[PDB]
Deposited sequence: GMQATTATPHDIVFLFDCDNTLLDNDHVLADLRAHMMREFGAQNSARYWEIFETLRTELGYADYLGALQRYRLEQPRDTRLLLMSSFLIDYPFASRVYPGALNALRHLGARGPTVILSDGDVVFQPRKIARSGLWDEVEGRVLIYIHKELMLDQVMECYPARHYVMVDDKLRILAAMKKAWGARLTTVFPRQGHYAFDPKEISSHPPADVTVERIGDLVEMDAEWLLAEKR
């Protein structure tokens, strides 16, 4: 096994995904039209409702609605070619290096089969964790499989969604330390903030993790 495994969410934890979405939305409107791009987002927001970012299903439903508009499907070319390495948070690579010396670092992410893997790979994060990457539709429903890939006496989960940390905490209990970094917009959403138990630790920045070796309780 392992004394400790450090599990990381990717979006708004390791890398600034809000900024990616802001850049996408601005691009889409410029290339495809205000009306057309507004509509795709209305679909992408029901889907973000039901699942995490479902770029893909939103695309598939947009096509049914407007099968003549092939062009808007090229929005993928923005994501595919986006500079994700520029969006990695200051200190994020240092935290992964620092904690990697004490136990395996693993990226545990919700996502589709095209964009999310490509993001993690092209951001350079994939290789920073030596390919220790699991990507699910709902990671908190696959916690059994996470354990057998990366068995450990204790786990840490760093994630900006309190809902996820709360679900994982309920599943694993004292075997888990939950860390909520106050990054992105789920950090300041009042529903999230008010409807789930608090994380064990809150850090202002992902780079604050280098200051807490004592909390891992390692020999």
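Taken in order along the deposited sequence, the stretches absent from the coordinates are 1-8, 60, 229-231.
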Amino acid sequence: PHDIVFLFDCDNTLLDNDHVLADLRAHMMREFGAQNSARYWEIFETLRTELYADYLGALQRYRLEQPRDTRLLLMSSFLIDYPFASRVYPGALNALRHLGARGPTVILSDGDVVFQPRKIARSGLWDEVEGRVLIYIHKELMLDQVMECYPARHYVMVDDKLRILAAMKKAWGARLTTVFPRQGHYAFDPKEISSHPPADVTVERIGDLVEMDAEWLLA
From here on, numbers count along this sequence of modelled residues.
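A summary of the deposited B-factors shows that, of 181-189 and 149-157, the stretch with the larger mean C-alpha value is 181-189. Legend: mean Cα B-factor per stretch from the PDB entry, 40-48 versus 66-74; the higher mean is in 40-48. Remark: of 53, 174, 34, 58, 53 shows the highest value [criterion: C-alpha B-factor in the PDB entry]. In the deposited entry, the Cα temperature factor of residue 29 places it in the highest third of its chain's modelled residues. In the deposited entry, the Cα temperature factor of residue 139 places it in the highest third of its chain's modelled residues. Sort the chain's modelled residues by C-alpha temperature factor and residue 95 lands in the middle third, per the entry. Residue 101 sits in the highest third of its chain by CA B factor, as recorded in the PDB entry. Ranked by C-alpha B-factor against the other modelled residues of its chain, residue 202 falls in the lowest third.
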